[PDB]
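J.: Submitted below is the structure of interest, expressed as structure tokens.
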Amino acid sequence: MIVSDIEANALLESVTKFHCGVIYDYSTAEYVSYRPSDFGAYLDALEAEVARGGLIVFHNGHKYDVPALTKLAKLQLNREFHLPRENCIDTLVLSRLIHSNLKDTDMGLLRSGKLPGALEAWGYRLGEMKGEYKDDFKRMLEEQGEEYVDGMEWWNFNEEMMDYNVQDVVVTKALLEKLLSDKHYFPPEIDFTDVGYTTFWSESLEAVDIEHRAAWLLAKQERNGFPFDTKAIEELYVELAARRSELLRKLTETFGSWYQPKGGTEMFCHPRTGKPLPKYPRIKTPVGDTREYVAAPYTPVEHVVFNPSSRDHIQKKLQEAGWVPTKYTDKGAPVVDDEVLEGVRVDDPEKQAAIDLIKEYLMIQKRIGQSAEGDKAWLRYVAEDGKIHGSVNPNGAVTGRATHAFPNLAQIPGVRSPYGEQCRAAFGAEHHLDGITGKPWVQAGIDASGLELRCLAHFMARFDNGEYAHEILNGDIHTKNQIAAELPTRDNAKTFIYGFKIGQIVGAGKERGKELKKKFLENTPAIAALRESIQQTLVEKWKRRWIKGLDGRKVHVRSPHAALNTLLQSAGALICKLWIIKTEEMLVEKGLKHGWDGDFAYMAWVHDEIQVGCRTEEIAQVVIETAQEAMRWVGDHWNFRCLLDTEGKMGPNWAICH
Amino acid sequence: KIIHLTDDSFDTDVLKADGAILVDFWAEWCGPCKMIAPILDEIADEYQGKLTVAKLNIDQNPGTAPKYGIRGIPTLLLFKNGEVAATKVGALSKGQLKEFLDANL
DNA sequence: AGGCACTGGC
DNA sequence: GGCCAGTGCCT
Ligand SMILES: Nc1ncnc2c1ncn2[C@H]1CC[C@@H](COP(=O)(O)OP(=O)(O)OP(=O)(O)O)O1
Ligand SMILES: [Mg+2]
């Protein structure tokens with residue numbers, strides 16, 4: 001085993017120069033420093049471990065140091081360098097599967113002053129550790145006349161850098177250990193800082209393998225990209241920016257401007273008394289002849305135009321219309337979400353008409369922001385290669401779910417949403433013209449069928465002995481539910497279940513809701529059985545403040561009432577993580593190559609679904625089928641008591657594949 | 001005694017008054033506006049015939065004011081045929097006002 | 001329920 | 001800018 005790290009001249013997406021690389025070989029107990037000239041040697045060193053069938057440890061190397069070397073290798077040396085997954089370890093990946101409950105700053109791309117909880121030790125000591133090098137360089141040059149330039153601390157290699165390099169690894173090796181020391185994921189009987197990749201992987205908790213393979217795959221997906229139709233969206237941005245411009249005008253007319261006090265320094269003091277009456281708007285007592293003032297207070301005000309986006313204005317104007325605000329916030333304000341807005345009823349006809357225009361104006365904005373004007377707007381994130389590389393955190397949830405961001409591609413409005421037809425249609429294989437044939441690719445959307453209700457079946461089979469399991473498959477499930485809980489319509493039951501605001505969902509608002517759960521968790525003792533069995537293994541006032549996941553991992557639990565969903569969200573989480581892993585693998589053990597230059601490419605993974613890009617409709621259909629086996633596999637593999645499945649669909653974009 | 005203008009009334013009431021109208025933009029939320037209040041009231045009686053005092057709230061009539069770049073209150077304008085004769089923002093004394101006026105009236 | 005993130009307001 | 005508040009988008 002070895003523990004390396006490298007310092008480049010830029011982030012992956014723009015990196016082009018290796019600066020240096022430190023290494024700590026475990027079988028030598030040494031730290032061999034490689035400098036810019038030694039790069040080739042650095043590559044040789046690592047390529048050496050792989051020969052031994054050893055293990056290379058990096059901190060977040062899965063998403064960087066590793067793919068950045070492949071990049072720089074061809075670049076700087078016209079060399080084909082490719083570290084194979086199997087020999088790579090990632091302390092970040094691991095530190096996300098062990099410190100599941102805390103929180104990271106994402107390697108310094110977010111301020112922890114707004115992030116709750118407690119920050120780790122090396123975590124804050126490896127992320128912020130980058131800025132320690134900035135000021136250390138900035139200072140050592142911010143005094144020598146040389147004005148610091150934007151981010152010149154990385155343009156060129158140097159000793160300071162060579163130092164912070166070497167320290168990186170130590171903290172890394174430090175971390176690496178504190179993690180391997182965990183007896184829950186790594187058996188004490190073995191010393192992984194002394195085993196071969198094949199032994200490290202098998203001889204350790206299954207999560208360690210499933211996480212890394214994922215961390216490695218999604219990191220590939222990220223690099224792939226998602227062909228994004230800049231045009232179609234720039235096209236939408238004009239249609240909206242426009243529909244906005246009207247609704248605005250049409251409104252600003254119905255709701256004139258008005259004055260508000262703003263700028264007063266002193267406090268109005270009683271003409272006689274002198275009491276600093278607060279309730280009264282601050283004034284400005286100054287001078288004084290074409291004089292503007294006299295020594296003679298006056299409240300300075302501002303002219304303010306109605307702003308449909310302002311939830312304040314909406315509350316103001318609408319209240320002067322005679323609206324009586326029911327629901328308020330624990331902060332002294334009325335709730336003005338679309339919900340209440342839908343309900344509001346004033347008397348002036350033109351005005352209540354404008355409520356429906358605000359509702360729509362607010363939405364037009366939720367789109368113009370997500371697509372064009374926001375900070376993480378699609379149009380701002382499109383790459384030169386015409387793809388959007390949103391980032392993915394294969395963990396960061398707590399249950400196993402990944403977290404998407406920059407921009408977040410797991411919150412694209414769906415097709416069943418205003419303009420959710422145009423947005424989805426802009427993310428698609430069809431937007432990527434093949435490298436050679438120059439012809440459009442085809443997209444393949446595969447998704448897990450009922451993975452949710454199923455994780456329940458399985459888990460409650462140790463009680464139902466195949467009841468819901470079979471119902472869910474060889475018959476019907478919802479009607480049993482609809483009957484389970486004394487309910488009227490089936491579609492109601494489809495909501496009642498997948499959502500466990502209950503009583504309301506049926507009509508009432510409390511009693512009937514808190515009565516249904518009764519009849520439901522009464523005519524279906526199995527879910528009742530499950531629920532009880534868990535409380536039993538956690539409650540006693542805690543025993544095990546966590547749970548065990550389908551792969552072995554610990555799955556912390558926030559509260560006793562969340563216990564069951566946790567257990568359930570996790571199960572379906574890992575089920576997919578493992579699924580997309582097998583899927584791709586299989587697609588490879590068949591003959592297809594992953595990548596744009598290959599036959600297929602992963603473009604996105606939103607919990608229980610995946611949007612693979614296929615070069616030919618033929619390949620496309622295989623994936624759809626490969627995705628099937630894989631899932632079924634994951635089933636036998638975890639001795640699932642309820643056959644799991646997937647439903648494929650082929651098409652040009654995310655819009656037609658769902 | 002004192003005139004109580006309105007967005008719609010403003011034109012034919014102050015603008016074409018031919019006489020001198022000291023229009024007072026205000027609001028029940030401004031302390032100073034409530035201060036100069038009685039001042040202008042007595043100003044109206046002690047000037048009957050030569051001067052016409054008209055008050056206009058800008059909370060009730062949001063159209064008018066935004067045209068005289070109103071940025072403060074009680075912004076006072078002494079209208080003298082179509083255009084503004086003089087502008088003064090603040091609570092001038094029962095005597096300060098009689099001085100700002102006369103020197104114009 | 002689990003996440004990310006946009007706009008207004010200070 | 002940095003920072004909460006109030007919301008809405010996804011599974
Ligand atoms: N409130 C909800 N929250 C989360 N997931 C939900 C919710 N309601 C439904 N779902 C899931 C269930 C599976 C998926 C699609 O639902 P859909 O109703 O099409 O399938 P179904 O299995 O309920 O019934 P069927 O396929 O017979 O029409 O969405
Ligand atoms: Mg690093």
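In the structure tokens, chains take letters A, B, ... by order of appearance, with residues numbered from 1 within each chain and ligands from 1 in the order shown.
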If the limit is 9 Å from any atom of ligand 2, counting only C-alpha atoms (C1' of nucleotides) and all ligand atoms, which residues qualify? Return them as JSON, numbers by chain.
T.: {"A": [5, 6, 7, 58, 59, 60, 61, 64, 65, 107, 126, 127, 165, 168, 169]}
J.: Can you tell me, as a ChimeraX atom specification, what residues are no more than 12 Å from residue 10 in chain D when counting only C-alpha atoms (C1' of nucleotides), ignoring any on the same chain fewer than 6 positions away?
T.: /A:403-404,408-417,420,606-608 /C:2-5
J.: With N, CA, C and O atoms (P, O5', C5', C4', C3', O3' and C1' of nucleotides) kept, could you save the residues just selected as a PDB file, in the first residue's frame?
T.:
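Okay, this is what ended up in again24.pdb:
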```
ATOM      1  N   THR A 403     -26.282  13.079  -3.184  1.00  0.00           N
ATOM      2  CA  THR A 403     -26.758  14.460  -3.156  1.00  0.00           C
ATOM      3  C   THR A 403     -26.223  15.084  -4.422  1.00  0.00           C
ATOM      4  O   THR A 403     -25.026  15.028  -4.693  1.00  0.00           O
ATOM      5  N   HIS A 404     -27.107  15.670  -5.211  1.00  0.00           N
ATOM      6  CA  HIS A 404     -26.671  16.255  -6.462  1.00  0.00           C
ATOM      7  C   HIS A 404     -26.470  17.767  -6.297  1.00  0.00           C
ATOM      8  O   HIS A 404     -27.068  18.369  -5.413  1.00  0.00           O
ATOM      9  N   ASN A 408     -27.913  21.391  -9.519  1.00  0.00           N
ATOM     10  CA  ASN A 408     -28.496  20.151  -9.047  1.00  0.00           C
ATOM     11  C   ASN A 408     -29.349  19.532 -10.134  1.00  0.00           C
ATOM     12  O   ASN A 408     -30.406  20.058 -10.472  1.00  0.00           O
ATOM     13  N   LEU A 409     -28.904  18.422 -10.704  1.00  0.00           N
ATOM     14  CA  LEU A 409     -29.703  17.787 -11.755  1.00  0.00           C
ATOM     15  C   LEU A 409     -30.645  16.713 -11.217  1.00  0.00           C
ATOM     16  O   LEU A 409     -30.880  15.711 -11.868  1.00  0.00           O
ATOM     17  N   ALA A 410     -31.169  16.900 -10.019  1.00  0.00           N
ATOM     18  CA  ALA A 410     -32.105  15.920  -9.496  1.00  0.00           C
ATOM     19  C   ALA A 410     -33.312  16.708  -8.995  1.00  0.00           C
ATOM     20  O   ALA A 410     -34.072  16.264  -8.124  1.00  0.00           O
ATOM     21  N   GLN A 411     -33.465  17.895  -9.575  1.00  0.00           N
ATOM     22  CA  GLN A 411     -34.585  18.775  -9.276  1.00  0.00           C
ATOM     23  C   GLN A 411     -34.960  19.549 -10.544  1.00  0.00           C
ATOM     24  O   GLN A 411     -35.312  20.730 -10.516  1.00  0.00           O
ATOM     25  N   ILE A 412     -34.853  18.871 -11.674  1.00  0.00           N
ATOM     26  CA  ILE A 412     -35.243  19.481 -12.926  1.00  0.00           C
ATOM     27  C   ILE A 412     -36.761  19.343 -12.851  1.00  0.00           C
ATOM     28  O   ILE A 412     -37.261  18.279 -12.491  1.00  0.00           O
ATOM     29  N   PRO A 413     -37.523  20.408 -13.138  1.00  0.00           N
ATOM     30  CA  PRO A 413     -38.967  20.145 -13.046  1.00  0.00           C
ATOM     31  C   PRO A 413     -39.332  18.933 -13.907  1.00  0.00           C
ATOM     32  O   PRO A 413     -38.709  18.683 -14.927  1.00  0.00           O
ATOM     33  N   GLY A 414     -40.313  18.156 -13.478  1.00  0.00           N
ATOM     34  CA  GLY A 414     -40.711  16.992 -14.246  1.00  0.00           C
ATOM     35  C   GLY A 414     -41.613  17.431 -15.375  1.00  0.00           C
ATOM     36  O   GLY A 414     -41.930  18.612 -15.491  1.00  0.00           O
ATOM     37  N   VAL A 415     -42.037  16.491 -16.209  1.00  0.00           N
ATOM     38  CA  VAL A 415     -42.902  16.817 -17.336  1.00  0.00           C
ATOM     39  C   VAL A 415     -44.297  17.226 -16.898  1.00  0.00           C
ATOM     40  O   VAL A 415     -45.017  17.921 -17.626  1.00  0.00           O
ATOM     41  N   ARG A 416     -44.678  16.786 -15.705  1.00  0.00           N
ATOM     42  CA  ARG A 416     -45.983  17.114 -15.157  1.00  0.00           C
ATOM     43  C   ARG A 416     -45.882  18.441 -14.408  1.00  0.00           C
ATOM     44  O   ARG A 416     -46.445  18.593 -13.327  1.00  0.00           O
ATOM     45  N   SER A 417     -45.158  19.394 -14.989  1.00  0.00           N
ATOM     46  CA  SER A 417     -44.955  20.707 -14.380  1.00  0.00           C
ATOM     47  C   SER A 417     -44.772  21.801 -15.418  1.00  0.00           C
ATOM     48  O   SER A 417     -44.009  21.640 -16.362  1.00  0.00           O
ATOM     49  N   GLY A 420     -42.074  21.882 -17.647  1.00  0.00           N
ATOM     50  CA  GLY A 420     -41.287  20.722 -17.281  1.00  0.00           C
ATOM     51  C   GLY A 420     -41.211  19.772 -18.451  1.00  0.00           C
ATOM     52  O   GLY A 420     -40.804  18.627 -18.310  1.00  0.00           O
ATOM     53  N   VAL A 606     -30.716   9.662 -10.700  1.00  0.00           N
ATOM     54  CA  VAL A 606     -31.602  10.285  -9.740  1.00  0.00           C
ATOM     55  C   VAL A 606     -32.342   9.292  -8.845  1.00  0.00           C
ATOM     56  O   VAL A 606     -33.504   8.987  -9.059  1.00  0.00           O
ATOM     57  N   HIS A 607     -31.644   8.790  -7.837  1.00  0.00           N
ATOM     58  CA  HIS A 607     -32.211   7.856  -6.885  1.00  0.00           C
ATOM     59  C   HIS A 607     -32.606   6.540  -7.484  1.00  0.00           C
ATOM     60  O   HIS A 607     -31.768   5.666  -7.624  1.00  0.00           O
ATOM     61  N   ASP A 608     -33.868   6.371  -7.844  1.00  0.00           N
ATOM     62  CA  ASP A 608     -34.247   5.095  -8.412  1.00  0.00           C
ATOM     63  C   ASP A 608     -34.260   5.044  -9.932  1.00  0.00           C
ATOM     64  O   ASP A 608     -34.891   4.178 -10.521  1.00  0.00           O
TER      65      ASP A 608
ATOM     66  P    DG C   2     -35.560  13.205   7.114  1.00  0.00           P
ATOM     67  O5'  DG C   2     -34.904  13.086   5.666  1.00  0.00           O
ATOM     68  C5'  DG C   2     -34.096  11.965   5.316  1.00  0.00           C
ATOM     69  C4'  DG C   2     -33.454  12.178   3.967  1.00  0.00           C
ATOM     70  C3'  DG C   2     -32.631  13.444   3.789  1.00  0.00           C
ATOM     71  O3'  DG C   2     -31.310  13.319   4.291  1.00  0.00           O
ATOM     72  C1'  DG C   2     -34.054  13.192   1.940  1.00  0.00           C
ATOM     73  P    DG C   3     -30.347  14.604   4.302  1.00  0.00           P
ATOM     74  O5'  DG C   3     -29.949  14.804   2.774  1.00  0.00           O
ATOM     75  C5'  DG C   3     -29.608  16.097   2.274  1.00  0.00           C
ATOM     76  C4'  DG C   3     -29.850  16.166   0.785  1.00  0.00           C
ATOM     77  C3'  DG C   3     -29.641  17.540   0.185  1.00  0.00           C
ATOM     78  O3'  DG C   3     -28.268  17.731  -0.103  1.00  0.00           O
ATOM     79  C1'  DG C   3     -31.683  16.642  -0.587  1.00  0.00           C
ATOM     80  P    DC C   4     -27.692  19.217  -0.216  1.00  0.00           P
ATOM     81  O5'  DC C   4     -28.395  19.794  -1.519  1.00  0.00           O
ATOM     82  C5'  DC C   4     -28.055  19.310  -2.806  1.00  0.00           C
ATOM     83  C4'  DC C   4     -28.632  20.211  -3.865  1.00  0.00           C
ATOM     84  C3'  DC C   4     -28.071  21.629  -3.910  1.00  0.00           C
ATOM     85  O3'  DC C   4     -27.906  22.023  -5.277  1.00  0.00           O
ATOM     86  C1'  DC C   4     -30.401  21.700  -3.454  1.00  0.00           C
ATOM     87  P    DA C   5     -27.134  23.391  -5.642  1.00  0.00           P
ATOM     88  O5'  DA C   5     -28.305  24.458  -5.611  1.00  0.00           O
ATOM     89  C5'  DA C   5     -29.379  24.374  -6.527  1.00  0.00           C
ATOM     90  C4'  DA C   5     -30.325  25.532  -6.315  1.00  0.00           C
ATOM     91  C3'  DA C   5     -29.648  26.881  -6.034  1.00  0.00           C
ATOM     92  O3'  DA C   5     -30.379  27.935  -6.678  1.00  0.00           O
ATOM     93  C1'  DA C   5     -31.249  26.432  -4.399  1.00  0.00           C
TER      94       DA C   5
END
```
J.: Using DSSP on the backbone coordinates, identify all residues within chain B classified as strand (DSSP E); present the result as a list in words.
T.: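 Matching residues for strand (DSSP E) in chain B are residues 3, 4, 20, 21, 22, 23, 24, 25, 26, 52, 53, 54, 55, 56, 57, 72, 73, 75, 76, 77, 78, 79, 80, 84, 85, 86, 87, 88 and 89 of chain B.
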J.: Output N, CA, C and O atoms for every residue in the selection just made, as a short mmCIF file (atom, residue, chain, number, x, y, z; two decimals), in the first residue's frame.
T.:
```cif
data_model
loop_
_atom_site.label_atom_id
_atom_site.label_comp_id
_atom_site.auth_asym_id
_atom_site.auth_seq_id
_atom_site.Cartn_x
_atom_site.Cartn_y
_atom_site.Cartn_z
N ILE B 3 -58.23 72.39 2.56
CA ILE B 3 -58.55 71.52 1.43
C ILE B 3 -57.98 70.10 1.56
O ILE B 3 -56.83 69.93 1.96
N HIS B 4 -58.77 69.10 1.18
CA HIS B 4 -58.33 67.70 1.25
C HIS B 4 -58.36 67.04 -0.14
O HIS B 4 -59.27 66.28 -0.45
N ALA B 20 -52.68 80.80 -4.91
CA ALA B 20 -51.51 80.11 -4.37
C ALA B 20 -51.95 79.00 -3.42
O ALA B 20 -52.63 79.25 -2.42
N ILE B 21 -51.56 77.78 -3.74
CA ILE B 21 -51.91 76.63 -2.93
C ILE B 21 -50.64 75.98 -2.40
O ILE B 21 -49.78 75.56 -3.17
N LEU B 22 -50.52 75.92 -1.08
CA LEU B 22 -49.37 75.29 -0.45
C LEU B 22 -49.75 73.82 -0.25
O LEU B 22 -50.33 73.46 0.78
N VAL B 23 -49.45 72.97 -1.23
CA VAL B 23 -49.81 71.56 -1.09
C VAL B 23 -48.87 70.81 -0.14
O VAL B 23 -47.65 70.96 -0.20
N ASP B 24 -49.47 70.02 0.74
CA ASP B 24 -48.73 69.25 1.73
C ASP B 24 -48.87 67.74 1.61
O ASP B 24 -49.85 67.17 2.06
N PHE B 25 -47.89 67.10 1.00
CA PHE B 25 -47.90 65.65 0.86
C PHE B 25 -47.62 65.08 2.25
O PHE B 25 -46.74 65.58 2.94
N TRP B 26 -48.35 64.06 2.67
CA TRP B 26 -48.12 63.51 3.99
C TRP B 26 -48.54 62.06 4.19
O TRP B 26 -48.79 61.35 3.23
N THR B 52 -54.26 79.52 -0.06
CA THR B 52 -55.10 78.33 0.04
C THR B 52 -54.25 77.10 0.40
O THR B 52 -53.34 76.71 -0.34
N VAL B 53 -54.55 76.52 1.56
CA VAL B 53 -53.81 75.36 2.06
C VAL B 53 -54.55 74.04 1.77
O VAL B 53 -55.68 73.82 2.22
N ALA B 54 -53.90 73.18 1.00
CA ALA B 54 -54.47 71.89 0.61
C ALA B 54 -53.57 70.73 1.00
O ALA B 54 -52.42 70.66 0.58
N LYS B 55 -54.12 69.82 1.80
CA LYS B 55 -53.38 68.64 2.24
C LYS B 55 -53.69 67.44 1.33
O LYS B 55 -54.81 67.27 0.86
N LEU B 56 -52.68 66.62 1.07
CA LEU B 56 -52.87 65.44 0.24
C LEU B 56 -52.03 64.33 0.83
O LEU B 56 -50.81 64.42 0.91
N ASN B 57 -52.72 63.28 1.27
CA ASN B 57 -52.09 62.12 1.85
C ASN B 57 -51.54 61.32 0.67
O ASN B 57 -52.16 61.26 -0.37
N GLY B 72 -39.11 62.93 0.56
CA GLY B 72 -39.26 63.18 1.99
C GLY B 72 -40.63 63.72 2.37
O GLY B 72 -41.44 64.06 1.50
N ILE B 73 -40.89 63.81 3.66
CA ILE B 73 -42.17 64.31 4.12
C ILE B 73 -42.07 64.92 5.51
O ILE B 73 -41.30 64.46 6.34
N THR B 75 -43.06 66.93 2.63
CA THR B 75 -42.58 67.80 1.55
C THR B 75 -43.65 68.85 1.26
O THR B 75 -44.81 68.53 1.02
N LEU B 76 -43.24 70.11 1.29
CA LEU B 76 -44.15 71.21 1.05
C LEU B 76 -43.87 71.97 -0.24
O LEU B 76 -42.74 72.38 -0.52
N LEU B 77 -44.92 72.15 -1.04
CA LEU B 77 -44.81 72.88 -2.28
C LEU B 77 -45.80 74.04 -2.25
O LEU B 77 -46.96 73.89 -1.84
N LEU B 78 -45.34 75.22 -2.65
CA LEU B 78 -46.23 76.38 -2.71
C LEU B 78 -46.51 76.52 -4.20
O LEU B 78 -45.67 77.00 -4.96
N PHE B 79 -47.68 76.07 -4.62
CA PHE B 79 -48.06 76.15 -6.01
C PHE B 79 -48.47 77.56 -6.40
O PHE B 79 -49.23 78.22 -5.69
N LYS B 80 -47.94 78.02 -7.53
CA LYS B 80 -48.26 79.35 -8.04
C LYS B 80 -48.44 79.28 -9.55
O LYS B 80 -47.57 79.72 -10.31
N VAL B 84 -44.41 74.36 -9.67
CA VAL B 84 -44.05 74.52 -8.27
C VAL B 84 -43.37 75.87 -8.09
O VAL B 84 -42.48 76.22 -8.85
N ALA B 85 -43.80 76.62 -7.09
CA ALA B 85 -43.17 77.90 -6.84
C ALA B 85 -41.93 77.67 -5.97
O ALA B 85 -40.83 78.12 -6.30
N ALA B 86 -42.12 76.96 -4.86
CA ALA B 86 -41.05 76.66 -3.92
C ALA B 86 -41.28 75.32 -3.22
O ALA B 86 -42.42 74.91 -3.02
N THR B 87 -40.19 74.67 -2.85
CA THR B 87 -40.24 73.38 -2.18
C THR B 87 -39.48 73.45 -0.85
O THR B 87 -38.45 74.12 -0.76
N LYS B 88 -39.99 72.77 0.18
CA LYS B 88 -39.37 72.75 1.51
C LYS B 88 -39.81 71.50 2.27
O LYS B 88 -41.00 71.28 2.49
N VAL B 89 -38.86 70.68 2.67
CA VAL B 89 -39.17 69.45 3.37
C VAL B 89 -38.91 69.50 4.87
O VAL B 89 -37.76 69.64 5.30
#
```
J.: Give me, as a ChimeraX atom specification, all polymer residues having an atom no more than 10 Å from residue 33 in chain A, counting only C-alpha atoms (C1' of nucleotides) and skipping those fewer than 4 positions away in the same chain.
T.: /A:4,20-24,38,42,162-163,165-166
J.: The selected residues should be written to file as an mmCIF file, in the first residue's frame (atoms: N, CA and C atoms).
T.:
```
data_model
loop_
_atom_site.group_PDB
_atom_site.id
_atom_site.type_symbol
_atom_site.label_atom_id
_atom_site.label_comp_id
_atom_site.auth_asym_id
_atom_site.auth_seq_id
_atom_site.Cartn_x
_atom_site.Cartn_y
_atom_site.Cartn_z
ATOM 1 N N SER A 4 -0.428 8.519 -1.634
ATOM 2 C CA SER A 4 0.024 9.700 -2.359
ATOM 3 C C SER A 4 -0.988 10.845 -2.496
ATOM 4 N N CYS A 20 3.874 18.651 -8.466
ATOM 5 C CA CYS A 20 4.651 17.778 -7.585
ATOM 6 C C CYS A 20 3.781 16.687 -6.984
ATOM 7 N N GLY A 21 4.434 15.637 -6.507
ATOM 8 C CA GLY A 21 3.720 14.528 -5.916
ATOM 9 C C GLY A 21 4.509 13.875 -4.801
ATOM 10 N N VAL A 22 3.885 13.768 -3.632
ATOM 11 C CA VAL A 22 4.526 13.145 -2.486
ATOM 12 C C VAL A 22 3.985 11.733 -2.371
ATOM 13 N N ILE A 23 4.702 10.875 -1.667
ATOM 14 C CA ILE A 23 4.256 9.508 -1.483
ATOM 15 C C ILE A 23 4.835 8.918 -0.220
ATOM 16 N N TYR A 24 4.047 8.089 0.449
ATOM 17 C CA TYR A 24 4.515 7.407 1.638
ATOM 18 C C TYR A 24 4.278 5.913 1.458
ATOM 19 N N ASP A 38 10.194 15.184 -11.900
ATOM 20 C CA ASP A 38 10.010 13.815 -11.451
ATOM 21 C C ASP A 38 8.638 13.243 -11.784
ATOM 22 N N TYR A 42 7.038 9.858 -10.767
ATOM 23 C CA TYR A 42 5.897 9.764 -9.872
ATOM 24 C C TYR A 42 4.955 8.767 -10.483
ATOM 25 N N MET A 162 5.614 22.483 -2.371
ATOM 26 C CA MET A 162 6.180 21.160 -2.235
ATOM 27 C C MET A 162 6.045 20.694 -0.815
ATOM 28 N N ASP A 163 6.020 21.648 0.120
ATOM 29 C CA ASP A 163 5.892 21.352 1.552
ATOM 30 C C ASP A 163 4.460 20.993 1.902
ATOM 31 N N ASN A 165 2.469 20.004 0.227
ATOM 32 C CA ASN A 165 2.185 18.774 -0.483
ATOM 33 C C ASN A 165 2.415 17.683 0.541
ATOM 34 N N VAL A 166 3.687 17.472 0.867
ATOM 35 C CA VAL A 166 4.120 16.458 1.843
ATOM 36 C C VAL A 166 3.258 16.375 3.108
#
```
J.: Just need the residues of chain A within 12 Å of chain D, counting only C-alpha atoms (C1' of nucleotides), so spit them out as number ranges by chain.
T.: A: 110-115, 309-312, 328-339, 362-363, 365-367, 369-370, 401-404, 408-418, 420, 447-448, 450-452, 498, 569, 572-573, 605-610
J.: Dump as a Markdown table the rows for residues of chain A within 9 Å of ligand 1: closest atom pair and distance in Å with one decimal, only C-alpha atoms and all ligand atoms counted, ordered by chain and rising residue number.
T.:
```
| residue | atom | partner | partner_atom_place_in_ligand_line | distance |
| --- | --- | --- | --- | --- |
| A:448 | CA | ligand 1 | 13 (C) | 8.8 |
| A:449 | CA | ligand 1 | 13 (C) | 6.6 |
| A:450 | CA | ligand 1 | 13 (C) | 4.9 |
| A:451 | CA | ligand 1 | 13 (C) | 7.8 |
| A:452 | CA | ligand 1 | 12 (C) | 7.4 |
| A:453 | CA | ligand 1 | 12 (C) | 7.8 |
| A:472 | CA | ligand 1 | 22 (O) | 8.6 |
| A:476 | CA | ligand 1 | 27 (O) | 8.0 |
| A:477 | CA | ligand 1 | 22 (O) | 8.2 |
| A:478 | CA | ligand 1 | 23 (O) | 7.3 |
| A:491 | CA | ligand 1 | 18 (O) | 7.9 |
| A:494 | CA | ligand 1 | 23 (O) | 5.8 |
| A:495 | CA | ligand 1 | 1 (N) | 5.3 |
| A:496 | CA | ligand 1 | 1 (N) | 7.9 |
| A:497 | CA | ligand 1 | 1 (N) | 7.9 |
| A:498 | CA | ligand 1 | 2 (C) | 4.7 |
| A:499 | CA | ligand 1 | 1 (N) | 5.2 |
| A:500 | CA | ligand 1 | 1 (N) | 8.9 |
```
J.: Just to confirm, what's the straight-line distance from CA of residue 563 in chain A to CA of residue 548 in chain A in Å (one decimal)?
T.: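 Going from CA of residue 563 in chain A over to CA of residue 548 in chain A covers 11.5 Å.
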J.: Could you write out, as a PyMOL selection string, all the residues of chain B that DSSP marks as helix (DSSP H, G or I)?
T.: chain B and resi 7-15+31-45+96-102
J.: Do you have the CA of residue 616 in chain A-CA of residue 599 in chain A distance handy?
T.: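 Computing the Euclidean distance for CA of residue 616 in chain A and CA of residue 599 in chain A yields 7.6 Å.
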J.: Quick one: everything within 10 Å of residue 286 in chain A, counting only C-alpha atoms (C1' of nucleotides), minus sequence neighbours fewer than 3 positions away in the same chain. Send it as a JSON list (two decimals) with C-alpha atoms, in the first residue's frame.
T.:
```
[["chain", "number", "residue", "atom", "x", "y", "z"],
["A", 283, "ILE", "CA", -36.58, 60.58, 10.91],
["A", 293, "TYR", "CA", -34.67, 71.89, 5.27],
["A", 294, "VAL", "CA", -34.82, 73.77, 8.57],
["A", 295, "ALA", "CA", -33.59, 73.36, 12.15],
["A", 296, "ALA", "CA", -37.60, 70.66, 11.89],
["A", 297, "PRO", "CA", -37.60, 66.82, 11.59],
["A", 298, "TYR", "CA", -38.82, 64.83, 8.60],
["B", 90, "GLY", "CA", -39.81, 69.38, 7.12]]
```
J.: What does the structure give for the distance between CA of residue 628 in chain A and CA of residue 611 in chain A, in Å to one decimal?
T.: 14.1 Å
J.: With 12 Å as the limit and counting only C-alpha atoms, what residues in chain A lie close to chain B? Please list them as number ranges by chain.
T.: A: 253, 255-264, 266-272, 276-305, 320
